[PDB]
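Below is one structure; the comments refer to it alone.
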Amino acid sequence: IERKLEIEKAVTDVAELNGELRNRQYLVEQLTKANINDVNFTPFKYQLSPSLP
Amino acid sequence: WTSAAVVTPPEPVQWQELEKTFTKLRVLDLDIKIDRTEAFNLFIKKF
Amino acid sequence: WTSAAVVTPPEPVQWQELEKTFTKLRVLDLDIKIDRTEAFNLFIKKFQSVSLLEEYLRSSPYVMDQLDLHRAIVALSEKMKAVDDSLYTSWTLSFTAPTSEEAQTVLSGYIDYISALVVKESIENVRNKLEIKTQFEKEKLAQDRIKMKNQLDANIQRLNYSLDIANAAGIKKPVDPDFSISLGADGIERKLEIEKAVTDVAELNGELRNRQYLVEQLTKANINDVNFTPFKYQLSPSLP
Amino acid sequence: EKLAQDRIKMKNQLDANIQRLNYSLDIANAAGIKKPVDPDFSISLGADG
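Residue numbers (PDB author numbering), protein chains in the order written: chain A, 278 to 330; chain E, 65 to 111; chain X, 65 to 130, 139 to 157, 167 to 256, 266 to 330; chain B, 220 to 256, 266 to 277.
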């Protein structure tokens, strides 16, 4: 018990023993890095493109 | 005198560069999208 | 002087080559179909397209033999018609020309020009879904691999604090919820160190190895130009 | 095609397992447990087994 008490007092970063917390940091990093680039699309389809009457 | 255009809501193949950008944020646990018919209604609305 | 076709949504037996393909992919957990009634509808949607029709006309040699051109092409384009005619669904497609062999040839050809577009689009839609599928699965494993590594890392730091507590209570041979001591300081030591020598988390994990197998087949899989018909003839274009 | 793909997924689990069994042989040894008596590398059966 006394060894265990001393190990937990020595904990500096709660994520060192925590996988969830670790992969969660990784999410926040991946999110922060990710970008939406200027993609082009046309919000419609032409049955008829503008006519020359 | 008069020019016209016949316009319909866009088809899947037109959406492919948009479907490459949504596969993640889907991986990043973000599921979003741009609904073809909703994009079209936004056109007719602004037009 | 008016040629006519009656078209119906295509029969199952016309879908067999497309079914052998979608089955290859279902195995790779890609549930992808082309609804026969959907292809029939996109067929009629394209067919009703003035823009598409003028393209066909301007590019057919048979129409061109026979710049007041734009005015002629706009006129021919007014002689193509499609009406919807109930047991099954069926549409009647028609075109009218000065001669009867002209009327049938220009209808026949515009049907094949449209049928070709729809077959190309449909084949590209499915490839598009494969490139989204293969994309997804690779980024997800790449991402799950860094999550397995991270977990193994916290599991090492935990085993590290297990050794230290096994020794502080003098359990050195075999036999707690946070730091499991059972194995005892002797095992926990050889173990603490087999876990320090792992280089890829995939070594001790059937899942991750199998996931690479998927991401492999998905990358080596091909959708090959299939040749189908988005409809079924009741009446092939007539000789009026 | 589903069999051909599962026959292969098995081989991968069998391989992943051999590596696991292989590191149990070593943890068995270093703990003294030679004869028949763990969550990640079970040594129960003891090194000779």
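All C-beta atoms in this analysis are idealised placements derived from N, C-alpha and C, irrespective of residue type, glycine included.
Per the coordinates, the alpha-carbon of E293 of chain A lies some 20 Å from the alpha-carbon of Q307 of chain A. Bounds of the beta strand (DSSP E) holding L325 of chain X are 322–325. Residue contact check for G274 of chain X against chain B: a CB pair falls below 8 Å. Straight through space, the alpha carbons of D315 of chain A and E285 of chain X are spaced by roughly 45 Å.
Look at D140 of chain X: its C-beta is not under 8 Å from any C-beta on chain A. Contact check for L325 of chain X and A69 of chain X: beta-carbon distance about 6 Å, within the 8 Å limit, so the pair qualifies. With its beta carbon less than 8 Å from one in chain X, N300 of chain A belongs to the interface. Pairing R280 of chain X with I252 of chain B gives a Cβ-Cβ distance that is not under 8 Å. With a contact defined as Cβ atoms closer than 8 Å, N231 of chain X and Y303 of chain A qualify at about 7 Å.
For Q130 of chain X, no Cβ of chain A is located within less than 8 Å of the residue's own Cβ. Under DSSP, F176 of chain X shares a beta bridge with X:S67, X:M152.
Residues of chain X with a Cβ closer than 8 Å to the Cβ of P73 of chain E do not exist, since the nearest Cβ in that chain sits about 11 Å away. Going by DSSP, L139 of chain X is part of no alpha helix (DSSP H) at all; its letter is neither H nor E.
The beta-carbon of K281 of chain A is placed no less than 8 Å from the nearest beta-carbon of chain E. Within a 10 Å sphere around the beta-carbon of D276 of chain X sit 16 or more other beta-carbons, which makes this residue buried. The contact set of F111 of chain X on chain E, defined by CB atoms closer than 8 Å, is empty, because the minimum CB distance reaches about 14 Å. Straight-line spacing of the CA atoms in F269 of chain X and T309 of chain A works out to 34 Å. At a cut-off of 8 Å between beta carbons, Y303 of chain X contacts chain B. Closest in alpha carbon position to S272 of chain X, among B:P255, B:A250, B:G274, B:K254, is B:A250.
Shown here, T170 of chain X sits in coil according to DSSP, grouped into three states, outside any helix or strand. Closest option to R226 of chain X, judged by alpha-carbon separation, among X:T177, X:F321, X:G296: X:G296. When Cβ-Cβ separations below 8 Å define contact, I96 of chain X makes no contact with chain A. Per DSSP, the beta bridge partners of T72 of chain E are A:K322. When the Cα atoms are used, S124 of chain X and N317 of chain X turn out to be separated by approximately 22 Å. At least one beta carbon of chain X lies nearer than 8 Å to the beta carbon of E293 of chain A. One Cα belongs to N241 of chain B, the other to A197 of chain X, and the distance between them is close to 59 Å. Two segments are said to touch when three or more pairs of C-beta atoms, one from each, lie closer than 8 Å; by this definition the region 92–106 of chain E does not touch the region 173–181 of chain X. Using a Cβ distance threshold of 8 Å, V91 of chain E and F111 of chain X do not count as a contacting pair. Counting other Cβ atoms within 10 Å of its Cβ, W79 of chain E reaches 16 or more and is therefore classed as buried.
If you draw a straight line from the Cα of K88 of chain X to the Cα of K221 of chain B, it is about 9 Å long.
Within the region 75–105 of chain X, not one residue has a Cβ closer than 7 Å to any Cβ of chain A. With a threshold of 16 other beta carbon atoms within 10 Å, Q130 of chain X falls short and is exposed. For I313 of chain A, no CB of chain X lies under 8 Å from its own CB, so it is not counted at the interface with that chain. Closer than 8 Å to the CB of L308 of chain A there is not a single CB belonging to chain X. By the neighbour-count criterion, in which 16 or more other beta carbons inside 10 Å mark a residue as buried, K214 of chain X falls on the buried side.
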